[PDB]
**Q** 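Questions regarding the structure given below will be posed in turn.
Numbers restart at 1 for each chain; the letters A, B, ... are given by sequence-line order, proteins then strands.
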Amino acid sequence: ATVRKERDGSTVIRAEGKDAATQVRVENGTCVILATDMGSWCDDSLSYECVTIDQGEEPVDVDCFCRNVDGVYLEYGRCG
Amino acid sequence: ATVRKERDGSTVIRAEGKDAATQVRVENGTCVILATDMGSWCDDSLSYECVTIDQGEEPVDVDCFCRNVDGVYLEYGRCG
Amino acid sequence: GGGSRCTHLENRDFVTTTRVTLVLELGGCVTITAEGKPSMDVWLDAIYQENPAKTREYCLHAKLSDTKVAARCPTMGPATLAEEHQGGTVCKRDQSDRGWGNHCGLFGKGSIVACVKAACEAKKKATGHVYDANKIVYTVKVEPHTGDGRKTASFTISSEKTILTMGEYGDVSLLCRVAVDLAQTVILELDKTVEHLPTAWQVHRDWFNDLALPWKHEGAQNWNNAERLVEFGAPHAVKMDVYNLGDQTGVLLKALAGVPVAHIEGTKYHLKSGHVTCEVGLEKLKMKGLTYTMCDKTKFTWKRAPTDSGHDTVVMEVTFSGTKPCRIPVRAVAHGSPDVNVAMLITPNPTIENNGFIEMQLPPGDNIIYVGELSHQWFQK
Amino acid sequence: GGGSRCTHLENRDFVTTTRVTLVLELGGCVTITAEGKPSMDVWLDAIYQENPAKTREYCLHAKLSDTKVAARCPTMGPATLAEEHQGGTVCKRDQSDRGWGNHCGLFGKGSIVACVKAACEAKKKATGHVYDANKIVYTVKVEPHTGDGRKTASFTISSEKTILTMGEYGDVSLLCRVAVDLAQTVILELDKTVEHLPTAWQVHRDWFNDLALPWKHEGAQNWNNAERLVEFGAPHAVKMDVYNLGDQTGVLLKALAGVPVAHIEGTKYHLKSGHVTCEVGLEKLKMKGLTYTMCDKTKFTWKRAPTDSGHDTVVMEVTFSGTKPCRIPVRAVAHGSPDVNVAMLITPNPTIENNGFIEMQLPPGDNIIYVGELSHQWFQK
């Protein structure tokens, strides 16, 4: 997976199928990518918020979650 | 266009778009090809009888007709 | 030959005085018979327009891209995306269950919005052209129905009269008038792909205008009503998938089953149905063979013996071995009456020419046809 | 944590003796409360089958090839092609107008036959799998609803009983029974193409079996009912064109609108809906903290103040600065009655552990919650 900081203070993780069920380091926090339908990067993409979970909370109904890092988004293509 | 004699005594003219509105020599007779939807040869083909018109008769409702040659068929692909 | 095209058509009328008013339908033909005048075959050959105006085009298969999802917590108002107020996008607002487990202070329904860019897949458009009565052309052909030549008259709304010269048969005058709502008639085409489909279909404009598909005018950047081909998935906390409704060709071709298939020949767009009313003037028509002597009765041979024409008339072909040209002796008797002639010629002055086709009407019952001393039994049904 | 998954679900039941009979629906969960026993969250996690049997597959887009046409003259009987009695072909017999102009001695309707070979385009099949009750697996999960762990039991038709160990909370026994017609439930998939579609759909077998499309079993050479995707053109004397009815994806996806989308996770095919009835035995469940002293009333801090759980219960989170572990003092009064406790704990023995979540039921009206000497006004609707 690749990380990039946008001009609006946001962070974008771009992932592929290899990144399924992995944990990555984003600034002084970590993000867990659990999306199961990922493929190679392309136009046929999905982009959404990779929600920060507060300390002592369990994630609910999310396939992307972060701890100790704010304003993170995930994007992936679905080709291949 | 190409001509070939089959083992059953029949004759097969294989035509392409270039052959539209042409007259070809088949044995001791001639055939007129007037099909307007022809293209390059392929699986997406149409094959039918290239009807012999008796002397002194005008052809009716046919886009392939022959004179002085019997058992002629036309075949063309519709690719390209 | 000598006018054998009409003898083959399913829709054939006989019209039997100086002028004659006929209705000419596309795919049909009329034979005109007139005392002391040669028989004429008249038919509406085509109704077409060159380069008709394009209508809106429809998308059959959407190309969906750059799907984005935004969510807000309960009390935090609507979730928004810039793509909501842009062209070439499809958006859906919904609500998702939110809580402590997905960064919200409260448990409840939070706003969620998903947007997708919608374009058309290449070679997946349905195009239309509309007719204009001021530009339609209708082609009327005339051919002597002699049995031994074909002339064409082209008409518009502005040019209704024409005089055709039937060679040695003199002149024939035509005054034709055209007759549905052309500006409400569309000729529909689909972009070509690997499969074999008909060339086009003729549809009503109001039906074409109601197709539940994304549409646009040629040259527009985006498609209107692109949501017709998009389906949104169930919303999760911050994620909502967007799917395609698939290729609509099968949907469209099912609706076009039974609709008439139309023809395009270059830049000519042909109407599938239509008719024209004509006034045919026969005053300048003359018979050919006023100098020819009688054919020798004993020099005929049946090339094709008497046969049903398919139109309650008898057709035949004879070979002649004597001096040419000559006027053919033709007659018929009702079996039991050898004196009285009961033959009504559709080819009124049959002539053998230097390098033969006779057509007649007969009363019902047992008859005997004579082409010279050549004879044939014939039962009229 | 301490059982926060159930607190988030829309379908949440409370069941409040040694045994307890519950119905567990997929997507739902149950909280069990029992005097002198820890609270338990029970839920049906999944109903699936590994490697279900394949059903027939359907063609969405025909590949049409080697179109041949044969004709016979009037009286000459039927026109035939060898392809009429072969597999993998679609044929139509019709009649065409014939005459002298197309090599027939008579004028009339002659027999005409057109045949085409019909295959399926690559990646244009719809496949199905059927369930079998003897191979279904259903997953039931149990988690202590304590607020400070999750265990899984897998069941089949043959293996209905299980005992799970809830760590220090003792043991819990489960006796589960499954409950529609599985052998009449099909999970439908389409081959992947460039467009984004749902993974699958769960359909009734009789509906799947009536799809008006060509079908076959995997490994068969030809497709059955291939005529469903073929359309024959109007016959001419000796020529009759054969066309495609187009790609049926849009047709199928329109019929699947509103149908539930199902999930496939490797070789696991998941049922979209279903329930299981369980007997949960609580006789071996024990409370944890029978040795822990009372938490210091003055060392609490609201981490998350009282809030509506979404299920007519109050949820909160506290921080503790004193000696750990300890049993949390919790109470609530009806505004005007400081003596009587009106709090009904869903987390019955809240405990602060070495590295806090409390859930309560309250009577309608103005109340005051106390977590030690930490207080909060609360109005119950």
Side-chain angles (χ1 to χ4, degrees), chain B residues 57-61, chain C residues 1-46 138-153 162 164-176 275-289 304 306-317 328 330 332 342-351 356-363 369 380, chain D residues 97-101 106-108:
Chain B
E57 296 311 316
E58 208 194 295
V60 166
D61 196 31
Chain C
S4 178
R5 208 203 87 118
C6 242
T7 300
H8 281 78
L9 291 193
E10 181 68 47
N11 179 14
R12 194 196 177 194
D13 283 342
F14 297 88
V15 182
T16 187
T17 322
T18 174
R19 296 158 300 269
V20 63
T21 313
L22 333 155
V23 171
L24 304 175
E25 286 283 340
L26 210 45
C29 80
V30 182
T31 304
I32 313 164
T33 71
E35 214 269 309
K37 276 166 204 305
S39 287
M40 295 290 133
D41 289 330
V42 194
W43 74 103
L44 178 56
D45 186 62
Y138 53 97
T139 297
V140 167
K141 304 188 169 299
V142 184
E143 185 177 64
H145 189 80
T146 66
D148 53 56
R150 200 178 282 193
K151 285 281 184 118
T152 312
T162 291
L164 292 175
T165 307
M166 308 307 300
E168 285 207 298
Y169 301 103
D171 283 22
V172 72
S173 84
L174 298 168
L175 180 53
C176 302
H275 61 98
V276 165
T277 305
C278 298
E279 273 187 66
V280 190
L282 320 162
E283 58 288 337
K284 299 287 161 198
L285 284 180
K286 52 181 176 223
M287 201 74 91
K288 186 63 208 80
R304 288 176 196 278
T307 201
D308 198 319
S309 71
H311 282 287
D312 286 297
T313 75
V314 194
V315 295
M316 62 216 74
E317 276 172 11
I328 301 163
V330 296
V342 295
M344 276 185 167
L345 291 171
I346 309 305
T347 49
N349 182 44
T351 312
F357 164 82
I358 304 155
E359 181 168 25
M360 68 178 68
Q361 210 179 172
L362 278 169
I369 301 165
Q380 186 64 41
Chain D
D97 308 310
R98 303 292 299 275
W100 295 349
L106 303 155
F107 291 89

**Q** Name the residue from C:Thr307, C:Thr313, C:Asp312 that meets the side chain to side chain donor-acceptor pair (under 3.5 Å) definition with C:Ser309.
**A**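 With C:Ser309 as partner, side chain to side chain donor-acceptor pair (under 3.5 Å) holds for just one option, C:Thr313.
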**Q** For atom CG of C:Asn11, decide whether the heavy atoms of other residues, nucleotides or ligands shown that lie under 6.0 angstrom number more than 12.
**A** yes
**Q** Check whether any side-chain heavy atom of C:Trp43 sits under 4.5 Å from a side-chain heavy atom of C:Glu143, and report yes or no.
**A**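 The answer is yes; the side chains approach within 4.5 Å.
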**Q** For the pair C:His145 (side chain) and C:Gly3 (backbone), establish whether a donor and an acceptor sit closer than 3.5 Å, ignoring hydrogens and angles.
**A** yes
**Q** Taking D:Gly101's backbone N and O only, do any of them form a donor-acceptor pair with C:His8's side chain (distance below 3.5 Å, no angle check)?
**A**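 Looks like yes, one N/O pair under 3.5 Å.
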**Q** Which residue in the set C:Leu174, C:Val280, C:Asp41 passes side-chain contact (heavy atoms from CB on, under 4.5 Å) when paired with C:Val142?
**A**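 Of the listed options, the one satisfying the test is C:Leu174.
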**Q** I need the minimum non-hydrogen distance between C:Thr347 and C:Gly147, along with the two atoms involved.
**A** CG2-N, 4.4 Å
**Q** Give the minimum heavy-atom separation between C:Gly310 and C:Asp308, together with the two atoms involved.
**A** N-OD1, 2.8 Å
**Q** Decide side-chain contact (heavy atoms from CB on, under 4.5 Å) for C:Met360 and C:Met316; before the verdict, give the C-alpha distance in whole Å, the side-chain angles of both, and the deciding distance to 0.1 Å.
**A** CA-CA 9 Å; C:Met360 68 178 68; C:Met316 62 216 74; 3.9 Å; yes
**Q** What are the two closest heavy atoms between C:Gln380 and C:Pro363, and how far apart are they?
**A** CB-O, 3.3 Å
**Q** Is any side-chain heavy atom of C:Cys278 less than 4.5 Å from a side-chain heavy atom of C:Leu175?
**A**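 Side-chain contact under 4.5 Å: no.
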**Q** With heavy-atom distances below 4.5 Å as the criterion, would you say the side chains of C:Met166 and C:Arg150 are in contact?
**A** no
**Q** Checking side-chain contact (heavy atoms from CB on, under 4.5 Å) for the pair C:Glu317/D:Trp100: CA distance, chi angles, key distance, verdict?
**A** CA-CA 11 Å; C:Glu317 276 172 11; D:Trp100 295 349; 3.4 Å; yes
**Q** Under a 4.0 Å threshold between the charged nitrogen and the carboxylate oxygen, would C:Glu283 count as salt-bridged to C:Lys37?
**A** no
**Q** Of C:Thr277, C:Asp13, C:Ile32, which is the lone residue that meets side-chain contact (heavy atoms from CB on, under 4.5 Å) with C:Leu22?
**A** C:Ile32
**Q** Using 4.0 Å as the upper bound for N to carboxylate O, is an ion pair formed by C:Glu359 and C:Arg12?
**A**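 Looking at C:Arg12 and C:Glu359, the cut-off is met.
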**Q** For the pair C:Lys151 (side chain) and C:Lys141 (backbone), establish whether a donor and an acceptor sit closer than 3.5 Å, ignoring hydrogens and angles.
**A**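 A pair under 3.5 Å: no.
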**Q** With no hydrogens and no angle check, do the side chains of C:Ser39 and C:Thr33 hold a donor and an acceptor under 3.5 Å apart?
**A** no
**Q** Could you walk me through whether C:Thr139 and C:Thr152 pass side-chain contact (heavy atoms from CB on, under 4.5 Å), step by step?
**A** CA-CA 7 Å; C:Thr139 297; C:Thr152 312; 3.4 Å; yes
**Q** Which heavy atom of C:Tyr169 sits nearest a heavy atom of C:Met40, and at what distance?
**A**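 Shortest heavy-atom separation between C:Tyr169 and C:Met40 comes out as CB-CE, 4.3 Å.
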**Q** Does one side chain, of B:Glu58 or C:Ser4, offer a donor that lies under 3.5 Å from an acceptor on the other?
**A**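 The answer is no; no qualifying pair exists.
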**Q** Which is it for C:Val330 and C:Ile358 under the side-chain contact (heavy atoms from CB on, under 4.5 Å) test, yes or no, and what are the steps along the way?
**A** CA-CA 9 Å; C:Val330 296; C:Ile358 304 155; 3.8 Å; yes
**Q** What's the shortest heavy-atom distance between C:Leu362 and C:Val342, and which atoms?
**A**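 Looking at all heavy atoms of both residues, the shortest contact is CD2-O, 3.8 Å.
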**Q** Looking only at non-hydrogen atoms, find the nearest pair between C:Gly36 and C:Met287 and report the distance.
**A** C-CE, 3.9 Å
**Q** State which residue, out of C:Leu282, C:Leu285, C:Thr165, fulfils the side-chain contact (heavy atoms from CB on, under 4.5 Å) condition with C:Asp171.
**A**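 Of the listed residues C:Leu282, C:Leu285, C:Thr165, the side-chain contact (heavy atoms from CB on, under 4.5 Å) partner of C:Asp171 is C:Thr165.
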**Q** Quick one: are C:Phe14 and C:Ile346 in side-chain contact, heavy atoms under 4.5 Å?
**A** yes
**Q** Do the side chains of C:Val140 and C:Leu24 get nearer than 4.5 Å, heavy atoms only?
**A** yes
**Q** Under the 3.5 angstrom rule, does the side chain of C:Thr351 hit a backbone N or O of C:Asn349 as a donor-acceptor pair?
**A**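 Here the side-chain-to-backbone pair exists.
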